[PDB]
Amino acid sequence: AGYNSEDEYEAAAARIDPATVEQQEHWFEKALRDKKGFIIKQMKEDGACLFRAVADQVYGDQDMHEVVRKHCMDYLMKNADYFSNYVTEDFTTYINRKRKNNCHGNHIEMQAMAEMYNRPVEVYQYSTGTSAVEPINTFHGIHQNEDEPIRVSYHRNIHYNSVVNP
């Protein structure tokens, strides 16, 4: 208890139909190919999934998730003066947790990775209301990116995959 993001945990447990999901995912994937030519790449659904997707985006394989998580946490420590005003825990306590390989990533980590890699992080998400697939968010630093955006997709509001431009 007392986690920064405690207020997300229960509402995630409540939300949570394999068949309705399965159908939404065909449609998501179709609209993504059809409109952006992007493909969805399946990341393992352990606690590391956000960092798995970033690792796939940055290094080409989700097995580099531990390196990404480590770098992201070092960056957050080095920028604590900024990021600690967005975290309601003791900062060192927060990052200690978040260093653990099964700790789920969140907005704080996505913002840090955008700045740290100097690449915008685009988040894609299926909507039942439209077949549009513009990013729901694009996180970024202030520097001019020389590499393509890091693109992730957010599934069932609880999991991250990799969005590839093939």
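In this text, residue numbers run from 1 along the sequence as written.
S.K.: Looking at the deposited sequence, how many residues between residue 21 and residue 22 were given no coordinates in the entry: none, 1 to 3, 4 to 9, or 10 or more?
M.R.: None; the chain is continuous from residue 21 to residue 22.
S.K.: Using only C-alpha atoms and the B-factors in the entry, which stretch averages higher, 125 to 133 or 105 to 113?
M.R.: 125 to 133 has the higher mean C-alpha B-factor.
S.K.: So, looking at the entry's B-factor column for Cα atoms, which has the higher mean, 37 to 45 or 115 to 123?
M.R.: The entry gives the higher C-alpha B-factor average to 37 to 45.
S.K.: Between 64, 50, 31, 58, which one tops the list for C-alpha B-factor in the PDB entry?
M.R.: 31 has the highest C-alpha B-factor of those listed.
S.K.: If you compare 140, 26, 70, 97, which has the highest Cα B-factor in the entry?
M.R.: That would be 26, according to the entry.
S.K.: Ranking every modelled residue in this chain by its Cα temperature factor as given in the entry, which third contains residue 4?
M.R.: For residue 4, the deposited C-alpha B-factor lands in the lowest third.
S.K.: Could you look up the Cα B-factor of residue 152 in the entry and say which third of the chain it sits in: lowest, middle or highest?
M.R.: Residue 152: CA B-factor falls in the lowest third of its chain.
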